[PDB]
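Below is one structure, written out as structure tokens, with a few remarks after it.
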2 protein chains.
Amino acid sequence: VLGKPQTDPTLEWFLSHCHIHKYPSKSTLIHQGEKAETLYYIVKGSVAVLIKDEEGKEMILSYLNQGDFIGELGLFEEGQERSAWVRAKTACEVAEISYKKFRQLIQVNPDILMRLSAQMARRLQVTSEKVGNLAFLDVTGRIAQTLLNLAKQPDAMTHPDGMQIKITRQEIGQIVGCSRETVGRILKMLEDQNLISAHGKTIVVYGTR
Amino acid sequence: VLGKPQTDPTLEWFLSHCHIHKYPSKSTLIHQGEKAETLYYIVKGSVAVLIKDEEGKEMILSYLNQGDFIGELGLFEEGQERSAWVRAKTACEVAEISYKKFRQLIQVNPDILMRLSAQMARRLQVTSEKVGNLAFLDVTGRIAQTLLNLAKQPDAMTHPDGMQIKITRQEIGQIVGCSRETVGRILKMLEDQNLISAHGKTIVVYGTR
């Protein structure tokens, strides 16, 4: 896309081959058992990659950025039955098309599929160092821990009194390992400003906390 | 490799380009902070892929087969600093070479690196459904659970009285989530034949259990 420091001709060769334009979030696309025969290039917006366990827990394990890939876990993974990896996290705009036609532009350029591969591989790098993290039930300091982590990502939204990032305690179920319950204590104190200040579900770390 | 039903002329084009020949196991190659600039194609033998957490726990999270890849997590992941993924699990024979020259045979054929990619992606599929599994502290029935799982893999070794698979309870720390201690009860009962029969560290599910 233009207007931003990208400088990716090949992608503009890809985005002219797909369909950019998504929807506001909640729009999960494939993680219930649907053959992932369609790919979605999150070009703007960002989502919450989530997986299924051996006992059916489909929790969020990863998330993307404005310019990542979606459904690779079905076209590239070799899944062909959802395999799990997507649920909208923002109103995005994905360059979504079918990997029958795409696979053949990814085959016309030995850097296109290689560009996508590395994304997932980075997720391997994200899943290889945070598996037993939330599993540790470390909730003590592991909640606000991620909230300040949001202050370090493109999501910290400045506002005339603080810079927030709305995170339902549902993300926190996942990231911390405990439901919105133990973490419900904490996320409850947030609006109490006893730890933060959640302006609704938007959480504004004022400054001191 | 010849003698076995493989039928992979492209690999024989690749294995004639590398170095197959490993060692008995314990031979970890890259999982401590070594730039994974070298790749190892496990051609025979199989290893125990392990990862580092956010608190330094570097536990086995995956394992291979006789004909998988190693160090992909460094050459293809784009790691370039170990990133974690290997520790010998058997005396293997890896076709190990350096990804400078390899990358250029894998670049000579668009099915070679793609063949490897899918392997890792399959590991994505292995890590996307067993993250919170061992994290569940399900040890009740989650130990023998995997021991019988070994009876379903190429490892079940027939013997004139039972068919085993040696598994230190160390694997069980990982797979079940508890140190060989809770599982130490269990693995202790195994030699007692109160649950199994471990002929040393080799475990023989006789038949009834």
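Sequence positions for chain A are given in Swiss-Prot numbering; the residues included correspond to 2-210, in order.
This deposition comes from solution NMR.
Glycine residues also receive a Cβ, built from the backbone N, Cα and C atoms like all the rest.
According to Swiss-Prot, the feature region 'Activating region 3 (AR3)' maps to residues A:53-59, out of the candidate ranges A:4-10, A:53-59. Looking at A:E59 (3',5'-cyclic AMP 1 binding site) and A:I173 (3',5'-cyclic AMP 2 binding site), their Cα atoms lie 14 Å from each other. Contact with chain B, taken as any Cβ pair under 8 Å, is found for the binding-site residues A:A136 out of A:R83, A:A136, A:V177, A:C179. Closest to A:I173 (3',5'-cyclic AMP 2 binding site) in space, going by CA atoms and restricting to the recorded positions A:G57, A:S63, A:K101, A:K102, A:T128, is A:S63. Nearest to A:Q171 (3',5'-cyclic AMP 2 binding site) in space, judged by Cα atoms and limited to the recorded positions A:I61, A:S63, A:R83, A:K101, is A:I61.
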